[PDB]
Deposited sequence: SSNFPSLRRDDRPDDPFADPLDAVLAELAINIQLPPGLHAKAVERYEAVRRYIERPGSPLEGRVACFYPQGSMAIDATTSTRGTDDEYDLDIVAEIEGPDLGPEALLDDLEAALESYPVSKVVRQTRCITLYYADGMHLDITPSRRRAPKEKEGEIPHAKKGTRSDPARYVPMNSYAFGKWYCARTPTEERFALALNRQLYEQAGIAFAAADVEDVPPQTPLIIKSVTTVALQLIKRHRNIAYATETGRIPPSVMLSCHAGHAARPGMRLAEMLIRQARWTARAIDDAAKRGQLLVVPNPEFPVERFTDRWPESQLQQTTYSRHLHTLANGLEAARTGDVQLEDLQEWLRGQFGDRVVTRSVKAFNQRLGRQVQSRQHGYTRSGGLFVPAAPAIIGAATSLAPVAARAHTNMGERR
């Protein structure tokens, strides 16, 4: 039972408290499908020009957390694959921004590579337009606007990650029952095969839960950083590489922290920067924007060693709760320790 051991159990409670809550989780797909419907409407510049709409990033791998700087807002990443004449990356973003004009949300913000839709309830959407470039699903490019195209295959990365993280029945059933119970909902499933469709699995894998805690640790250590932060797709890639069936949560969290820290250390030893290719599309590097310098990567490695070393000292819990507050956030740790008390 993932709640039997005290350290594994408090980490599980922490992970439950950073998930996309069930009520919002149940709205996410319809939300982005409504965006697609809007940009496909008559008069839109992108009328007839949308090939497909798909989640990328955390939503593609059931890894969504509260967004950096907050405990109660969430960002979802959606790709709009666009067809027709290619007149450059800036014009592609221009078309997407124009198609999203007057969309009834709190605010629409044009970013360097995407258009952001901020929603009143705190679950936001980043819409990245893409151009398909090759037959493989879904090998192509995204705009950066000098303006340039950037190769990517986030679709195949998501599928690759999911293949490495098959649902772990005992773990998933236990953590989902608690996630839903905290939200006032009866999650009633004896087996992962016949979960009631009204209460689907949100949590599926110890590997992903550890990855969510890695991202939370990152979000706390860089909560107010306005510069570049360690990228989640690099962390998600390493989590996929580190995936091991049947591992306990603390053990896996230590393993993933040391995976990234040691990879950084080995590059730094050579005066080189961390390099992490897309397993499904090796010309794409998940390290193309980060790290920019030795200081950046070695700073993050030091944070990761501190996390791994403290969790390992705990395996070998009132002093631990204070240390956890510094690593994962005061309020979320307080809420989790309360649940573990009962």
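Gaps in the model relative to the deposited sequence occur at 1-14, 160-166, 338-341, 368-416, listed in sequence order.
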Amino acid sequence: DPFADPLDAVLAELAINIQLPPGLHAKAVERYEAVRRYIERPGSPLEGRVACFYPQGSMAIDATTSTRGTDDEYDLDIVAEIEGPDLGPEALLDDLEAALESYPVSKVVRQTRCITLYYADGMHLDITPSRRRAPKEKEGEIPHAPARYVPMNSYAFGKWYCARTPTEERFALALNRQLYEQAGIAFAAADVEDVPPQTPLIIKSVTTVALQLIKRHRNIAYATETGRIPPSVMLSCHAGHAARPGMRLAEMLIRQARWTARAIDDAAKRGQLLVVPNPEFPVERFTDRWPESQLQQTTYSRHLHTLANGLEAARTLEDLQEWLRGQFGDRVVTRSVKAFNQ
From here on, numbers count along this sequence of modelled residues.
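The deposited model assigns a higher average Cα B-factor to 302-310 than to the other stretch when 54-62 and 302-310 are compared. The deposited model assigns a higher average Cα B-factor to 43-51 than to the other stretch when 29-37 and 43-51 are compared.
Taking the PDB entry at face value, the top CA B factor among 238, 218, 228, 124 belongs to 228. Sorting 96, 206, 190, 264 by the CA temperature factor given in the entry leaves 190 at the top. In the PDB entry, a CA B factor belonging to the highest third of its chain's modelled residues is recorded for residue 317. Per-chain ranking of the deposited C-alpha B factor places residue 248 in the highest third. In the deposited entry, the Cα temperature factor of residue 271 sits in the top third of values across the chain's modelled residues.
Ranked by C-alpha B-factor against the other modelled residues of its chain, residue 133 falls in the middle third. The PDB entry assigns residue 77 a C-alpha temperature factor belonging to the lowest third of its chain's modelled residues.
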